[PDB]
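Values quoted throughout were computed directly from the atomic coordinates according to the rules given, and no laboratory measurement underlies them. Cβ placement follows ideal geometry from the backbone for every residue including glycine, while neighbour counts extend to all protein chains displayed.
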Protein chains: 2
Amino acid sequence: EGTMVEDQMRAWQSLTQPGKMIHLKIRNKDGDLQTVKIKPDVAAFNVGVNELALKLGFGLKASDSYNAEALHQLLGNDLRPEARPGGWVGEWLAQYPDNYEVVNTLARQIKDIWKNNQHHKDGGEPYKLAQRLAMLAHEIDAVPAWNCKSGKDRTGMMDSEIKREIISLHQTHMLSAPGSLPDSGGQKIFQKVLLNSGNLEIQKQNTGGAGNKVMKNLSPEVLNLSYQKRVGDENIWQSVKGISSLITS
Amino acid sequence: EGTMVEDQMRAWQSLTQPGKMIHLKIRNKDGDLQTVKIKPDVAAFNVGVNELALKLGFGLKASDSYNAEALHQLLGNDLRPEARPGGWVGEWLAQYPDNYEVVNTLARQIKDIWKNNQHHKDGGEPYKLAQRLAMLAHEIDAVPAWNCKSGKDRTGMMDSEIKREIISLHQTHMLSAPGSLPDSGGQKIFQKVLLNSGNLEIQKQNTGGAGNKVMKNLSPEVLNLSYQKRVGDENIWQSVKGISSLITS
């Protein structure tokens, strides 16, 4: 998975070479290939949400070299939690949108996590940094994109995490604090999302059986990612992990 | 030559005082003096290409104080070779010109030379930094200007170096690596340039005899600037240095 990462980062760099304008082919409404011109701007991150990265800790140093550049691109050159946002966030806020409250909160939380290196552990919830990066990107009118090795297991879990937080926030609430377990109502939301999202059908379509490889229950108990607590239900947890253990392939 | 440098730097500073608009007198097409208004912006460098500066090393520390400010003005506040260009280069690239390839290469090479202090020695070619600064300035639509004590010996040599590289590049090539001797074809180009440029006539006009004082052949062999290798011809080397040794004045 190391060489996989440099291959991805190299690809993004080659498309965002400064002053280089990108040409894309698109089928128009008449079924004819047509060339369009794009000025891309990509902020590329890598976090790692496995036990291999959170319990015993692999590639933390390797990934943080990429993440530092991306944060400077996204928030500016000053990452103190009390400073004012810069970068893309600053440009969005300079328009004085009616969205300022949520944007300011998300930027502050991200700086907090980065400062204490809270993303190196799972203080009860391992997607703390990835989830907020995606939500912030949607707020400031960028496009969020995320990926895994195969695009169905860890990708599916992050999909569910984002949907849960968006739904919880939509009820005029605030955002939850980093590294905190969901409350009773949040747990009910999360349970409904995990089953009523489209992830199970994606799993079946892509493999032939429904399941998720993120749910493991390793033998030394200190190597588990603590989804038993986030999903406060044994049966639902066993339902998310479906035939996933029978797909050794 | 020290006080000469502070006099020049002081002059540039006095013309580029912030918020100060400059008034120039120009003879229009009717032969009448007319006043025009200029908003100047000058990046002033000093390098030193003598044996006094490259072999035994004089004023390296003094000049680098000026060069640091000028680079920040030209490339921005981040001079890491892998970062993205800022400053004037960044502003030019933000227009997405069809010139991006050459500009990116030149900026990268300049940062490399600055990082390793390669301009403090002559790894086979002493104009490595000056030549690239002038070429980069022309690419991003600035005006390049260079000077010597008298404006005919070291100025003439830098003139020839730039012309050789431009001609070599015009054949759709790439740029050569810093501190590398020219190949066979490059040597043929350089030999033709040194004689068919206008430098010899400038020498004769300004002095009465053709020659160049840069060609010395000092007695302790470790004090020579190694143009015997760059100009792979004894007769041509002896032809560039003409009556230059008979003009003690």
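Whats the longest run of chain A with zero GluC sites (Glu not before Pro) that are DSSP loop and have at most 16 other Cβ atoms within 10 Å? Numbers along the way, then the final one.
Numbers: sites that count: A:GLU1, A:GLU82.
The longest such stretch corresponds to A:83-249.
If one computes P(r) from the Cα atoms of the protein assembly as shown, what percent of pairs lie at distances over 29 Å?
So the pairs more than 29 Å apart make up 65 percent of the total in the protein assembly as shown.
Taking every pair of alpha-carbon atoms in segment B:165-249, give the share separated by more than 16 Å as a whole percent.
60 percent
Once every DSSP H run of n ≥ 4 in the protein assembly as shown is given -39500 (n - 2.57) and the sum is divided by its residues, what mean residue ellipticity at 222 nm do you get, rounded to the nearest 500 deg cm²/dmol?
The helix contribution divided over the protein assembly as shown gives -14500 deg cm²/dmol.
Between B:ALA145 and the same site in the other copies, what are the distances in nm, shortest first, taking label points 7 Å from Cα along the C-beta direction?
4.7
Taking the Cα centre of segment A:39-108 as the origin, how large is its charge dipole in debye, to the nearest 20, when only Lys and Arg (+1) and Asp and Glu (-1) carry charge on their Cβ atoms?
Details: 6 positive and 9 negative charges, 39 e Å.
In debye, rounded to 20, segment A:39-108 gives about 180.
Report, in debye and to the nearest 20, how large the dipole of the protein assembly as shown comes out about its Cα centre when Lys and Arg carry +1 and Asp and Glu carry -1 on their Cβ.
380 debye
From largest to smallest, what semi-axes in whole angstrom does segment A:149-199 give when each is the square root of 5 times an eigenvalue of its alpha carbon gyration tensor?
Values: eigenvalues 84, 30, 20 Å².
Whole-Å semi-axes of the equivalent ellipsoid: 20, 12, 10.
From the label point of B:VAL5, set 7 Å from Cα along Cα→Cβ, how far away are the matching label points in the other copies, in nm, ordered shortest to longest?
4.5
Could you tell me which of B:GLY87, B:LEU75, B:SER63 has its Cα farthest along the dipole of segment B:33-102 towards the positive end, charges placed at Cβ (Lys, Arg +1; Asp, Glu -1), taken about the Cα centre?
B:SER63
Every other copy gets compared here: list the nm distances from the A:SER197 label point (7 Å along Cα to Cβ) to its counterparts, shortest first, one decimal.
6.5
Roughly how big is chain A's charge dipole about its Cα centre, with Cβ charges of +1 (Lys, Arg) and -1 (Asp, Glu), in debye to the nearest 20?
Taking the Cα centre of chain A as origin, the dipole is about 380 debye.
May I ask for the net charge around B:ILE247, where only other residues with Cβ less than 13 Å from the Cβ of B:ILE247 are counted and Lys, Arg are +1 while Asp, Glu are -1? Can you show the working numbers first?
On the way: positive: B:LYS152, B:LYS204, B:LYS213, B:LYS241; negative: B:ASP153.
Net charge in that neighbourhood comes out at +3.
Find, among the residues of chain B, the one whose Cβ sits nearest the axis of the rotation taking B to A; state the distance in whole Å.
Value returned for chain B: B:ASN77, 5.
For segment A:106-249, what mean projected area does the convex hull of the alpha carbons give, in nm²?
Result: 9.4 nm².
Which of B:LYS152/B:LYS216; A:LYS39/B:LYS37; B:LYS163/B:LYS229 have a Cα-Cα distance over 25 Å? The partial results should precede the final answer.
Numbers: B:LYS152/B:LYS216 15 Å; A:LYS39/B:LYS37 36 Å; B:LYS163/B:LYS229 18 Å.
Among B:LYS152/B:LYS216; A:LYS39/B:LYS37; B:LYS163/B:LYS229, the Cα-Cα distance tops 25 Å for A:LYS39/B:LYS37.
Length gain on complete extension for the stretch A:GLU201 to A:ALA145, per 0.36 nm per residue less the alpha carbon to alpha carbon distance?
18.2 nm
If neighbour count is taken as other Cβ atoms inside 10 Å, put A:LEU79, B:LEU200 in order from fewest to most. Mind dumping the intermediate values first?
Details: A:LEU79 16, B:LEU200 19.
If I rank by nearby Cβ atoms, fewest first, I get A:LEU79, B:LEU200.
How many angstrom lie between the C-alpha centres of segment B:64-97 and segment B:151-181?
Segment B:64-97 and segment B:151-181 have Cα centres separated by 22 Å.
Hey, what does the equivalent ellipsoid look like for chain B, semi-axes from the Cα gyration tensor as sqrt of 5 times each eigenvalue, largest first, whole Å?
On the way: eigenvalues 181, 118, 79 Å².
That gives 30, 24, 20 Å for the three semi-axes.
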